[PDB]
Amino acid sequence: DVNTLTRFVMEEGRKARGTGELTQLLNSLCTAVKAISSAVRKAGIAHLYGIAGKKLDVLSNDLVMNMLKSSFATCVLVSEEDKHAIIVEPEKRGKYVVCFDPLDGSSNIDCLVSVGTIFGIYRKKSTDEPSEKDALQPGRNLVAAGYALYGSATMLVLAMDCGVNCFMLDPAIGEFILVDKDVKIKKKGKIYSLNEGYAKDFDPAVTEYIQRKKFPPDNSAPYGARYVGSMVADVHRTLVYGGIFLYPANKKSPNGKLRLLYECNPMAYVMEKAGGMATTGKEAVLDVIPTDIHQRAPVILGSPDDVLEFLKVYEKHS
Amino acid sequence: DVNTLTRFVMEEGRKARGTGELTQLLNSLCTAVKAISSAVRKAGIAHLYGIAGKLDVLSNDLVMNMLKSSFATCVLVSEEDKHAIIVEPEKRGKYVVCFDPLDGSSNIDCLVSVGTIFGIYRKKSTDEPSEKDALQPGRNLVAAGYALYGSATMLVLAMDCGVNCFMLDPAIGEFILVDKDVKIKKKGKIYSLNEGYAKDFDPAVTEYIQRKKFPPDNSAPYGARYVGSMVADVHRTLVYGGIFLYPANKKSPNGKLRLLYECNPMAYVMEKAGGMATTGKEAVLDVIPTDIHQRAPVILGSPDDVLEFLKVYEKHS
Amino acid sequence: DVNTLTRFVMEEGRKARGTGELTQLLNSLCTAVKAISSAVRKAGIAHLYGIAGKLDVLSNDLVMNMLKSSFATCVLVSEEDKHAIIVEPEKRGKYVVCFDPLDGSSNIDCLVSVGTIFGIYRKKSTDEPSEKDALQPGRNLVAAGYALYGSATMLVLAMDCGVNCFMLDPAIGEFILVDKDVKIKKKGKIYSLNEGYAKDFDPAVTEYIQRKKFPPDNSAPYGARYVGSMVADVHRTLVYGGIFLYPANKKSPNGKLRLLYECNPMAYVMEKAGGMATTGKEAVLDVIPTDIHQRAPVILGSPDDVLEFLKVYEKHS
Amino acid sequence: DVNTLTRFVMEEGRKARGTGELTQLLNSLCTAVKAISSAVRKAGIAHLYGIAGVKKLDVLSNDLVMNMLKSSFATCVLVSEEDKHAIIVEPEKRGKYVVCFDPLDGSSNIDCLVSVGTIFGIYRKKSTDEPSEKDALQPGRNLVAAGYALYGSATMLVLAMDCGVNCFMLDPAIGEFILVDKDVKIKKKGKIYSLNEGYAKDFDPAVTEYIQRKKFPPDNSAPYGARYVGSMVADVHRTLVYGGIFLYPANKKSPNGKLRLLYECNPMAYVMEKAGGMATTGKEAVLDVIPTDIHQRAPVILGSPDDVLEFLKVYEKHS
Ligand SMILES: COCCc1sc(S(=O)(=O)NC(=O)Nc2cc(Br)cc(NC(N)=O)n2)cc1C
Ligand SMILES: COCCc1sc(S(=O)(=O)NC(=O)Nc2cc(Br)cc(NC(N)=O)n2)cc1C
Ligand SMILES: COCCc1sc(S(=O)(=O)NC(=O)Nc2cc(Br)cc(NC(N)=O)n2)cc1C
Ligand SMILES: COCCc1sc(S(=O)(=O)NC(=O)Nc2cc(Br)cc(NC(N)=O)n2)cc1C
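Chains as they are written, first to last, in the entry's author numbering: chain D, 9 to 61, 71 to 335; chain C, 9 to 61, 72 to 335; chain B, 9 to 61, 72 to 335; chain A, 9 to 61, 70 to 335.
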C-alpha cells in the first residue's frame with residue numbers, strides 16, 4: 009500500500025492514542041520543508057533577474082518559525098539563526114520544545130552543494146513558565162528527530178521510537194512518499210568522512226585512526242574518503258552506505274565545532290534508532306547535559322564497528 | 009536585461025551568422041537537461057509506489083533522442099553505450115557529441131549531486147561517419163559544459179565567447195542567465211581528491227597534498243572537500259577556486275575519469291574560465307585519443323594551484 | 009495565521025474529539041486531488057509524445083486507491099463504476115463516499131475546466147457493508163465538496179462548521195486556506211443553463227428565463243453563462259451569486275445530473291453557504307434514492323433567485 | 009518524432025531563410041506565456057497568505081509580455097489592452113515587428129477560476145518613418161503571425177502562420193510546449209452556438225432570428241447546444257476544436273461591438289481563417305477592417321463556415 013508522511017504519522021499517533029499535537033507539529037514542519045525545498049531549487053529566480061522588468074537562510078528560518086508557532090504545538094523554539102530561545106506567545110503554546118537548523122550547509126550554497134534542515138523535538142518537562150532552560154535536555158529525551166536533505170532529490174528522514182523511515186518528496190504533487198521503511202545502518206562501512214585539510218591540528222588519536230583507514234595493518238582494502246562539507250549530506254550518505262563521519266575535538270577546539278542541540282543530537286538520535294552509534298569520544302552524544310543552547314560538541318558517528326574502532330584508538334591516547 | 013539560454017545562444021549564433029544547426033543542437037540538449045532534472049528530482053515517483061493502485075538509462079534515452087531528432091548530429095558517444103552511435107542518414111547533421119548523461123549516478127542512492135557533461139565537435143573528416151569522428155583532441159571543441167543537479171539545477175556553457183552560467187527556474191522551466199563571462203580565482207583554498215588512495219599515490223601527489231596540509235610558509239592550510247561526483251567537485255572549483263585531482267592509482271593505472279566526455283569538457287570549461295587542466299605530462303585538451311572510453315588522470319582548477327602542482331611534478335622528473 | 013487543508017481538518021477533528029477516520033479520509037482524498045490536478049495540467053505529456061524515444075480512468079483509479087488505503091471507507095460509489103465497490107474487509111472503515119472523479123471530462127478536448135465532486139456519509143449497517151449504505155438522502159451528509167481544476171486548482175469543502183475554500187499552491191503542493199466560512203450572495207445577476215434545449219423546457223422554466231431577459235420591474239437583465247462543466251458553473255454561482263439550472267422536462271422527467279455524486283454534494287455546499295437547491299418539487303437533499311446512478315433535476319444558487327424560480331414553478335401547478 | 013515550439017519555429021524560420029528576428033520574438037513571447045501560466049495557476053500563493061510570516073495578475077502579465085518583447089530586440093511598437101498609447105521601443109532595442117496583444121484576456125472573472133488567456137498579433141512595420149502608433153493601424157490581412165495561449169484545464173498555445181495552425185501543450189514538469197495537433201482545421205458545420213443570451217432584449221433582429229433558428233429549427237432537426245464561458249479565448253478555442261459559431265455582435269447600443277479589433281478580433285479571425293473557418297463583422301471580413309484607433313471595437317461572428325454563412329443569410333434578410 010502506498011503511504012505518505014502525513015498518513016504514516018497519523019497512523020502512528022492513532023496507535024499511541026495521543027492527543028494529536030505531535031502530529032500537528034510534524035505536519036506543520038512538513039509544510040515548511042516543502043516551502044524550503046521550493047526556494048532552494050530556485051523557483052521564481054526569473055523574477056529576481058528581471059523577467060517582468071530575502072536570503073535563503075533567513076527565509077528558511079522564517080518558514081520553520083512561522084509554521085511551528087502557528088501549529089499550536091510548541092512553546093519554545095531554539096534555532097541556529099537566533100541568539101536566544103524564542104518563546105511562543107501564550108495563545109499559541111503547545112507542549113513541545115523544538116531545536117532546529119533551518120538550512121544547514123548554506124554557507125557553501127553558492128556552489129549548489131547539498132543543503133538540509135535538521136530538527137529535534139522534546140516534550141517540555143515542567144509546568145514552569147516556558148524559558149530557555151526548557152531546551153537544555155539531553156538528546157536521550159528526544160521524542161522525534163530527523164532531517165530534510167535537499168540533494169539531487171528532496172528526502173525527509175524521520176526517527177521516532179518506532180525506528181527510522183525515509184520519505185521522498187514527489188514535487189509533481191507535493192507529497193512525501195514513504196520509500197524506505199525501518200532503515201538500519203550497516204554494521205561496518207568502507208567510507209570515512211572528515212575535513213583532512215586541518216590535519217596539522219588533529220588530535221593524535223584522530224591522526225592514527227585516519228592512518229589505519231588509509232594504510233590498514235592487514236590485507237583489507239583501504240577505506241574510500243568522502244567529505245561534502247554539508248553535515249546533512251555526509252550523515253545521510255553514512256546512513257545509506259555505512260561508514261564513519263567525524264567532526265572531532267582538537268586542542269584549538271576542545272569541544273568540537275558542531276552545535277549540540279540542533280546538529281549533533283538529532284543526528285545522534287537518527288543514528289541510534291538505525292542501530293548506529295554517536296560519541297563525543299568521552300561519552301555518547303545523547304548523554305551530554307547541555308548548559309547553553311548554542312554549546313558545541315565533538316561528534317563521531319556511523320556504523321557501530323567503525324565507531325567502536327575509533328573509540329579503541331581514542332582510548333589508546335587517553 | 010534578463011536573458012535566457014535559448015535567447016543567449018540565438019544571439020551568439022546570429023552574431024556568427026551561422027546556419028543554425030548548433031543552435032538547434034543546444035536547444036535540443038537544453039530540453040533533455042530539463043527532462044533529466046525533472047526525473048532526478050523524482051517527479052512522478054508516487055505513481056511508481058502505487059498511488060493509483072532506471073534513471074541513467076532514461077537520461078541516456080532523453081539525450082540520444084533529442085540529439086538525433088535535432089538533425090544536427092552524425093556521431094554520438096555516450097558513457098552508457100559501448101559503441102559510438104551513428105545517426106541514421108536522413109537525420110544527419112555536422113556535429114559530433116560526446117556526453118555522460120548522468121555522471122555520479124552510481125552513488126545516487128544517497129541523493130548526492132549528479133550531473134550531465136557534454137562536449138560538441140564539428141565533424142572533421144569527410145569520411146562516412148564513424149567512431150573515428152569522435153577521436154578528436156579537446157582543443158577542437160566547439161562548445162562544452164555541464165548541468166549540475168545539485169541543491170538547484172544549473173547549466174554551465176563554455177564557448178569561444180567564455181563561460182556562462184544559467185539557473186533553471188522550475189516554476190517556468192527556463193534557464194536564466196545568472197553569471198556572465200565567469201573567471202576562476204587565480205588561487206584557491208580548497209583541494210579536492212579521494213585521499214583513500216593515499217597508499218597508491220605517486221610521490222608528486224603525496225608531496226603536493228602534504229604542502230596543502232603543512233604549508234612551508236606558515237600560511238593557512240587548505241580545506242578539503244570531495245563530494246565523489248565530478249560535476250559537483252568541478253563546479254565548486256569553478257565557483258570557489260582551488261584544485262581538483264583524480265590521479266592514476268593501482269586500480270586505475272591510466273586514471274579513472276573518461277577523457278572524451280568527462281575530462282575534455284571539464285578542461286575546456288576550466289581553460290575558458292582562465293583555469294588550467296593537466297594530466298601531469300601535458301594539457302588534457304592536447305591528448306589525442308585512440309579509444310572512445312579511454313581514461314585519463316586529471317588535475318584542474320585555479321592556475322596558481324595547478325602551476326604549483328606542476329612544479330612539484332617536475333621535481334620528481 | 010496561515011492555514012492549510014490538512015491542519016484545518018485536524019484542528020476541527022480534534023475539537024470534535026472524533027476517532028480520526030474522517031481526517032484520514034480527507035487527507036487521502038486531498039492527495040488524490042493533487043495527483044489528479046497534476047495529470048489534468050498534463051505533467052509528463054512530453055513522454056507520451058516521445059521525448060525519450072484515459073484521464074477519467076486514471077482519476078477514478080487515484081480516488082479509489084487512496085480511499086481504499088485510507089482504512090476509513092467501506093463502500094465507494096463512482097460515476098465510473100456500474101455497481102458500488104465494497105472495500106475488502108481488512109481495509110474497511112465506517113464511511114461511504116460517492117464521487118465523480120473527473121466531472122466534465124467528455125469535453126476536456128477543448129481544455130474546459132473540469133473537477134472532482136465528493137460526498138461522504140456514515141454507513142447505516144452495523145456489519146456487511148453493501149450498496150444499500152449508499153442509498154441515503156443528502157441530508158445525511160457529513161462532509162462534501164469539490165475540486166475545480168480551472169485557471170488554478172481550488173478545493174471547496176463543506177461541513178457543519180460551514181464552507182471553506184483552499185487554493186492549491188503547486189510550488190509546494192499544499193492547499194492554502196484563502197476563503198473562510200463562505201456565504202453566497204442573497205441575490206445574483208447571472209443565470210446558467212443550456213438554452214439550446216429551449217424547445218423541451220417546462221413552461222415554468224420558460225417563464226423564469228423570460229423574466230431574466232425581460233425583467234418586469236425594469237431592473238437590469240441578468241447575464242448568461244454556461245460553461246457546460248458542472249463544477250465550473252456551480253463554483254461561479256457560489257463566488258458571484260446567481261442561479262444554475264439543469265431542470266426536468268418531458269423527455270427527461272428526472273433530469274440529467276446524477277443525484278448521489280453530482281446533485282447532493284453541490285446542494286450540501288450550497289445550503290452550508292446559505293444558498294438553496296431544489297428539484298422543483300422538493301429540496302435536493304430530501305430525495306431518498308433507490309438507485310446509485312439515478313438522476314435528479316436541480317436548480318441551485320442564491321436564495322432570492324431560487325425562491326423566485328419556485329414561485330413561478332408554483333404558478334404552473 | 010517529438011516536436012517543441014522552439015524547434016518548430018526555428019525549423020520554419022530556417023526554411024524561409026529569415027534573419028531570426030521573428031524566431032527571437034516568438035521565443036520571448038513563449039517565455040512570457042510560461043511565466044503567466046505559472047502565476048495564473050497560483051505558484052507561490054502560500055507566501056501571500058503568510059507562510060513565512070503582491071501585484072495583480074493582469075498588471076503582472078502586461079509587465080511580463082512587455083519586458084520580454086522589449087528585450088527581444090525584434091519589436092519597435094507595442095500595443096496592449098492595458099495601455100492607452102502604443103509603446104515605442106527605445107532605439108537601441110528596436111526590431112522590425114509590431115505586436116498587439118491582450119496579456120490576460122478574461123481576467124475580469126478570474127475570481128471564479130474561469131479559463132483565461134493571452135492573445136497576440138504580429139505585424140511587420142510597413143513604413144520607413146520613425147516608428148509610431150500609426151504602424152499598428154494595419155488591417156488583420158497584414159498579420160505575419162497570431163495566436164493565443166489558453167490557461168484552461170491545461171495550458172495550450174495555438175500559433176497561426178502562413179503554414180497553418182498548430183497547437184502546443186505546455187508540459188509544466190519541464191517547461192516545454194509540445195506539438196500535439198498539427199495543421200488544425202475547423203469542422204465545416206458545428207452543433208454549438210455561443211453568445212450572451214442574457215442581453216436578448218438588446219439583440220439586433222437578425223441575431224434574434226438566427227438564435228431562434230438554432231433552438232427551433234424550421235425542419236424539425238435537432239436543436240444546437242449552447243455554451244458561453246464568457247472568456248473569449250475559451251469560447252473561441254472550443255469553437256476551433258468542436259466547430260460551431262461564436263458571436264459577439266453589434267446592436268444599437270453598441271453599433272461597433274464590444275471586443276477590440278487589434279488584439280482580440282484580428283488575431284482570432286486570423287487563426288480561424290488559417291484553420292479554414294470564417295470571421296465577419298456582419299458587413300465585412302474582420303481582417304479587412306482598416307483601423308483608425310488602436311483600441312477601436314469591432315463586432316465579430318466566427319467559426320464553422322456553414323454556420324457563419326447561415327448567420328449571414330439571416331443578416332441579409334434583415335438588410
Ligand atoms: C513518540 O510518539 C510517537 C507516536 C505518535 S503520538 C502522536 S500524537 O500526536 O500525540 N497523537 C495523535 O496523533 N493521535 C491521533 C490522531 C488521529 Br488523526 C486520530 C487519533 N485517534 C484517537 N486518539 O482515538 N489519535 C503522533 C505520533 C507519531
Ligand atoms: C562556435 O559557435 C559559437 C557561436 C554560434 S554559431 C551558431 S549556429 O547555429 O551556427 N548559427 C546560428 O545559430 N545562426 C542564426 C540563428 C538565428 Br535564431 C538567426 C540567424 N540569422 C541569420 N543567419 O541571418 N542565424 C550558434 C552559436 C552559439
Ligand atoms: C463534520 O465533521 C466534524 C469535524 C471532524 S470530526 C473528524 S474525526 O476524523 O472524526 N476525528 C479526528 O480527526 N480526531 C482527532 C485527530 C487528531 Br490529529 C487528534 C485527535 N485527538 C484525540 N482524539 O484525542 N483527534 C474530522 C473532522 C473534520
Ligand atoms: C512568418 O512565417 C515565416 C516563417 C518564419 S521566418 C522566421 S525568421 O525569424 O525571420 N528567420 C529565422 O528564424 N531564421 C533562422 C533561424 C535559425 Br535557428 C537558423 C537560420 N538559418 C539561416 N538563416 O541560414 N535561420 C521565423 C519563422 C517561423
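Where a beta carbon is used, it is the ideal one built from N, C-alpha and C, also for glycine.
For residue i, which three-state DSSP category applies?
i	result
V181/C	strand
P147/B	coil
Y215/D	helix
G163/C	strand
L277/B	helix
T296/B	strand
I104/D	strand
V287/D	helix
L76/C	helix
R313/A	strand
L303/C	helix
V174/D	strand
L256/D	helix
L85/C	helix
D9/B	coil
For the beta strand (DSSP E) that residue i lies in, which residues bound it at each end?
i	result
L328/B	That residue, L328/B, is in no beta strand (DSSP E); its alpha helix (DSSP H) goes 321–333.
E192/B	192–197
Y113/D	110–121
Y139/C	132–140
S210/A	208–210
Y226/C	No beta strand (DSSP E) holds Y226/C; the alpha helix (DSSP H) holding it covers 221–231.
Which residues bound the alpha helix (DSSP H) around residue i?
i	result
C92/D	It is not in any alpha helix (DSSP H) - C92/D instead sits in the beta strand (DSSP E) that spans 91–96.
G21/D	13–24
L153/B	Premise fails: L153/B is in no alpha helix (DSSP H) and is neither H nor E.
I53/B	53–56
residue 63/C	Placed between 61 and 72 in the numbering, residue 63/C has no coordinates, as chain C goes from one to the other without interruption by modelled residues.
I44/D	29–48
Tell me which same chain residues have a C-beta within less than 6 Å of the C-beta of residue i, skipping the five on either side of it?
i	result
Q154/D	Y139
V223/A	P265
Considering only residues of the same chain and omitting the five flanking positions on each side of residue i, which have a CB-CB separation below 7 Å?
i	result
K198/A	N182
Task: Three or more C-beta pairs below 8 Å linking the segment 14–21 of chain B and the segment 304–318 of chain C - done: With a cut-off of 8 Å, the segment 304–318 of chain C and the segment 14–21 of chain B do not count as touching, because too few Cβ pairs lie within range.
Open item on the list: Across the segment 241–251 of chain B and the segment 207–223 of chain A, are there enough close Cβ pairs to call them in contact, namely three or more that are closer than 8 Å?
Closed with: Yes, since at least three Cβ pairs between the segment 241–251 of chain B and the segment 207–223 of chain A fall closer than 8 Å, the two stretches touch.
- [ ] Kindly confirm or deny that the segment 277–297 of chain B and the segment 270–283 of chain A touch, where touching means at least three C-beta pairs closer than 8 Å.
- [x] They do not touch, by the three-pair rule.
Open item on the list: Would the segment 25–43 of chain C count as touching the segment 163–178 of chain A if we require 3 or more Cβ pairs under 8 Å?
Closed with: Contact between the segment 25–43 of chain C and the segment 163–178 of chain A is absent: fewer than 3 CB-CB pairs across the two stretches fall below 8 Å.
Open item on the list: Would the segment 85–93 of chain C count as touching the segment 101–115 of chain C if we require 3 or more Cβ pairs under 8 Å?
Closed with: They touch, by the three-pair rule.
Open item on the list: Whether or not the segment 158–171 of chain B and the segment 37–49 of chain B are in contact is what I'm after, with contact meaning three or more pairs of Cβ atoms, one per stretch, closer than 8 Å; do they touch?
Closed with: With the rule of 3 Cβ pairs closer than 8 Å, the segment 37–49 of chain B counts as touching the segment 158–171 of chain B.
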